[PDB]
Amino acid sequence: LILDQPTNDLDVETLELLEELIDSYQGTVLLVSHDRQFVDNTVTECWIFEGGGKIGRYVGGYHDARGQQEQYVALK
Amino acid sequence: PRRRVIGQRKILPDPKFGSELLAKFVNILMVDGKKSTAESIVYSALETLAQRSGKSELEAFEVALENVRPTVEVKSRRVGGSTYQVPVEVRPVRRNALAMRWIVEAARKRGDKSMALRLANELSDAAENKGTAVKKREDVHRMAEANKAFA
Amino acid sequence: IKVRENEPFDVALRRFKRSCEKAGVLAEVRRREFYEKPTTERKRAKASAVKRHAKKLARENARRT
Amino acid sequence: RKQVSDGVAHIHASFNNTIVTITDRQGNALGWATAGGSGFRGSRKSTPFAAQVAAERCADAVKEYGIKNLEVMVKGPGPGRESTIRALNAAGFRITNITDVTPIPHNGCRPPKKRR
Amino acid sequence: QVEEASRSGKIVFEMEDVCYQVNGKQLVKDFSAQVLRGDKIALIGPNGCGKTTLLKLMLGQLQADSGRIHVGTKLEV
RNA sequence: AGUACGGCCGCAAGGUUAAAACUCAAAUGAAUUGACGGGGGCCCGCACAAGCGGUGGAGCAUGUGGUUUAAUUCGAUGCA
Ligand SMILES: Nc1ncnc2c1ncn2[C@@H]1O[C@H](COP(=O)(O)OP(=O)(O)OP(=O)(O)O)[C@@H](O)[C@H]1O
Ligand SMILES: [Mg+2]
Ligand SMILES: [Mg+2]
Ligand SMILES: [Mg+2]
Ligand SMILES: [Mg+2]
Ligand SMILES: [Mg+2]
Ligand SMILES: [Mg+2]
Ligand SMILES: [Mg+2]
Ligand SMILES: [Mg+2]
Ligand SMILES: [Mg+2]
């Protein structure tokens, strides 16, 4: 599954089902979203974008990944 | 171990660096009693960590470890029909025992290539607070705080 | 019950409630009644006490420690 | 508002919960916090740590009045009987006198039956 | 309800040394990552930072400037 | 069976007085030695806990149960 903002126009009642469907999905899922609550229930990793073509790959939902990004030390 | 108490068991030091810390790490990931192979992997994995970090051999292995060793961890402590768990502080000598374990377990997943490679990736991540091994610590670190009422 | 605590104390140590009013006083009021299990309790609760006087008098023995 | 100087702390310690309420001298409430509302829903709220956080939050939301001097009135036997009043000390309140106001009948109304 | 299919190969996407840059600024500079079976990945970032174009590289919509991308073996996208 | 029928008492609930046929070879009391307790103390041990590695899925080897067969000889059937 590749989802470029799959929940743009959906209401929460229909969005609630999509959170449960995508979660239980057995196969691979790469999803793109700009909201916070939705990615804390479907994803377990992040590819946080940075400037200059650099992508930092963190572990966890949205909030966990942003947590590692405060504590980054970038391997001096 | 009801009546018994056990002092310790002596371990041979690591040959390149006369440190017992790197000597136990080789033991943990060694499987089927193949000490030569697991020793080669650790050497093929910490050679690159010198290349990336700048720190050479053990300050580089320590720094990645130090962000992964925990502070507290929980256990099941049912009283008289209860089923809850109690956060208990851990002694300074069990920290590295748990810290090394979490690295190697998370290294066997995330299969990239030869173990000397996918372990090198995981060690470097822990040098940055980035990989799975750090998350396993925080997953414990949360559960020890969410049950802080028991002490 | 009340503690004025005076000028320097810096710490509670309120073991002054243990005398008189405490959960020891309220435990009997949490529930119950039955009007005679107190007389079963108070008969048991002192039959044992004298039975300890017999064991306390039973120190007239070698016992070799 | 009203910049009240001296207040009173009421702690309703119970076998299941603990409700902290800060009032002025004449029984006018200013704010409150409970163990349950501090993210301790379930069996955890009956533990003195949860009682600590209830007074931790009640120290806030009353700081608008700037309450400096404090009396403590403890009611009811329960876990959070001394944990709350130690929390207020670390919260920065001067405490003058501690009280016990647990209600005890002189053999008044009949209690519930018993639980078997 | 979703329509599950047969399990894909253990490696879905592998791209290393891949570095694609639009005329002005670089969108992806020397990427090196792997996507395994059953791994759920969220792309996040700022606006116009290449999230939509990154997927286009994976499916081969547009060609990487360098580095090569290898795709899974039993995929049903 | 403290029951039935009949008296006396009661507003009623029912109380008091009080059988017989029939059936069994016992019912019972106190104490003893064991066993047992979702009774209590003390102690244990790969019993949990802390760990490493498996079985249960797949293909095969071997034994058993069932079913078939002219016969699928007999035996072993919780821990053991
Ligand atoms: N067809 C195109 N021609 C030229 N530039 C383009 C084209 N498509 C995208 N770009 C540029 O490439 C960059 C990344 O665009 P892209 O569509 O990948 O954005 P995105 O990271 O998915 O962001 P957003 O969340 O805003 O959609 C931007 O600078 C954009 O202007
Ligand atoms: Mg009740
Ligand atoms: Mg009668
Ligand atoms: Mg009778
Ligand atoms: Mg009669
Ligand atoms: Mg065990
Ligand atoms: Mg099998
Ligand atoms: Mg025979
Ligand atoms: Mg046979
Ligand atoms: Mg036979």
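In the PDB header, cryo-EM is given as the technique by which the entry was determined, and 3.1 Å as its resolution.

1. A closer look at the overall build of chain B
When helices and strands are tallied, chain B shows six helices and two strands. Moving toward the C terminus, one meets the helices and strands of chain B in the order α-α-α-β-β-α-α-α. By its C-alpha atoms, chain B is 55 × 35 × 25 Å across when sized along the principal axes. Within chain B, the proportion of its 151 residues that are buried is 40%. A separation threshold of at least 6 residues defines the contact pool for chain B, and within that pool the share at least 24 residues apart is 56%.

2. Some words on the site of ligand 1
What surrounds ligand 1 is the set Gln-5 and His-34 of chain A together with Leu-27, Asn-47, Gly-48, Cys-49, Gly-50, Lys-51, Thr-52 and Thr-53 of chain E. Near ligand 1, the surrounding residues are drawn from chains A and E. One of the side-chain N or O atoms of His-34 of chain A is found 3.4 Å from an oxygen atom in ligand 1. In terms of residue count, the dominant contributor to the shell around ligand 1 is helix α1 (residues 51–58) of chain E (three residues). Of the residues assigned to the shell around ligand 1, the class counts are two nonpolar, seven polar and one charged.

3. A word on the protein's contact with RNA strand F
Residue and element names in this part refer to chain B. For RNA strand F, the full set of nearby residues is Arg-2, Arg-3, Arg-4, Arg-94, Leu-98, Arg-101 and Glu-105. Sugar and phosphate atoms represent 55% of those atoms of RNA strand F found within 4 Å of the protein. Within the side chain of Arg-3, one N or O atom sits 2.4 Å away from a sugar or linking oxygen of RNA strand F. Between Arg-94 and RNA strand F, the recorded distance is 3.3 Å, taken from a side-chain N or O atom to a sugar or linking oxygen.

4. Side note on α1 of chain E
Of all eight residues in α1 of chain E, six are buried; the element is thus mostly enclosed. Just past α1 of chain E, the residue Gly-60 of chain E takes up positive phi, approximately 75 degrees.

5. Quick notes on a negative patch on the surface
A contiguous patch of negative charge, built from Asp-11, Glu-13, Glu-16, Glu-20 and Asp-23 of chain A, is present on the exposed surface. Tracing the backbone shows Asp-11 of chain A in the loop between β1 (2–4) and α1 (12–24).

6. Some points on the pattern of salt bridges
Evaluated as defined, the whole model comprises 13 salt bridges over all chains. Note that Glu-145 of chain B and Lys-148 of chain B form a salt bridge whose closest N and O atoms lie 4.0 Å from each other.

7. Here we look at the interface of chain A and chain E
Residue-level contacts link 33 residues of chain A with 33 residues of chain E. Between chain A and chain E lies a buried interface of about 3000 Å² when both sides are counted; carbon and sulfur atoms form 67% of it. If you list the elements that add at least two residues to the side of chain A that touches chain E, you get β1, α1, β2 (29–32), β3 (45–49), β4 (55–59) and α2 (62–70) of chain A. Per-element tally for the side of chain A that touches chain E: the top contributor is β3 of chain A, with five residues. Each residue belonging to the side of chain A that touches chain E can be placed in one class, and the counts come to 16 nonpolar, ten polar and seven charged. Where β3 of chain A and strand β3 (residues 40–44) of chain E come together, four bridges link them in parallel fashion. Paired with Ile-48 of chain A across the strands is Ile-44 of chain E, a residue of β3 of chain E.

8. A look at the packing of helix α1 (residues 48–59) of chain D against helix α2 (residues 83–90) of chain D
Residues and elements named next belong to chain D. At a closest axis distance of 8 Å, the pairing of α1 and α2 adopts a crossing angle of 40 degrees. On the basis of their axis angle, the class for α1 and α2 is oblique. Crossing of α1 against α2: the hand is right-handed. Every residue of α2 that contacts α1 at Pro-48, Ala-51, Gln-52 and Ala-55 is listed here: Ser-83, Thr-84, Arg-86, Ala-87 and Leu-88.

9. Remarks on the arrangement of the chains
Contacts between protein chains span five pairs of chains, and they are most numerous for chains A and E. The closest approach of any C-alpha atom in chain C to one in chain E is 53 Å; the two make no contact. Across the gap from chain D to chain E, with no contact made, the nearest C-alpha atoms are 30 Å apart.

Conventions we followed
- All residue numbers refer to a per-chain count from 1 along the written sequence rather than necessarily to the numbering of the entry. Residues that lack coordinates are not shown.
- Lettering of chains starts at A and numbering of ligands starts at 1, both following the order in which they are written.
- Any value quoted here refers to the chains shown, not to the larger assembly they are part of.
- Water and hydrogen atoms play no part in the side-chain values, which are based on all heavy atoms of the structure.
- By definition, any uninterrupted DSSP run of H or I lasting at least four residues is a helix, any uninterrupted run of E lasting at least two residues is a strand, and each is numbered from the N terminus.
- For every residue, the accessible area (1.4 Å probe, protein chains only) is compared with the maximum for its type, and the residue is labelled buried under 20%, exposed over 50%, or partly exposed between those bounds.
- Should any heavy atoms of two residues lie within 4.5 Å, those residues are counted as being in contact.
- Residues are counted as near a molecule or strand when any one of their heavy atoms sits within 4 Å of it.
- Nitrogen and oxygen atoms within 3.5 Å of one another constitute a polar contact, given that in protein one can donate a hydrogen and the other can accept it, and given that sequence-neighbouring residues count only through two side-chain atoms.
- Residues are grouped as follows: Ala, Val, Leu, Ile, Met, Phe, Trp, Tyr, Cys and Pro are nonpolar; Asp, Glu, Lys and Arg are charged; every other residue, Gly included, is polar.
- Note that patches include only residues with greater than 30% relative accessible area and no salt bridge, and the join distances are 9 Å for like charges and 5 Å for nonpolar side chains (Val, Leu, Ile, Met, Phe, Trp, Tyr).
- Surface accessibility follows the Shrake-Rupley procedure with a 1.4 Å probe radius. Residue values consider only the protein chains on display as shielding.
- Basic side-chain nitrogens of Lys or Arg form a salt bridge, by our definition, when they fall within 4 Å of a carboxyl oxygen of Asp or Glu.
- We score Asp and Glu as negative and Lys and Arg as positive, and we do not count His or the chain ends.
- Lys charges are placed at NZ, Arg charges at CZ, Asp charges at CG and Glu charges at CD.
- Computed with a 1.4 Å rolling probe, the buried area is the accessible surface lost when two parts are put together, summed over both parts.
- Here, a strand pair is defined by DSSP locating no fewer than two bridges between the strands.
- Fitting a line to C-alpha atoms yields each axis, with helices limited to the stretch in contact; the angle taken between N-to-C directions then spans 0 to 180 degrees.
- When an angle is under 35 degrees it counts as roughly parallel; over 145 it counts as roughly antiparallel; between 65 and 115 it counts as roughly perpendicular; any other value is oblique.
- By the definition used in this description, the sense in which the near helix is turned from the far one sets the handedness, with an anticlockwise turn below a right angle giving left-handed and a clockwise turn giving right-handed.

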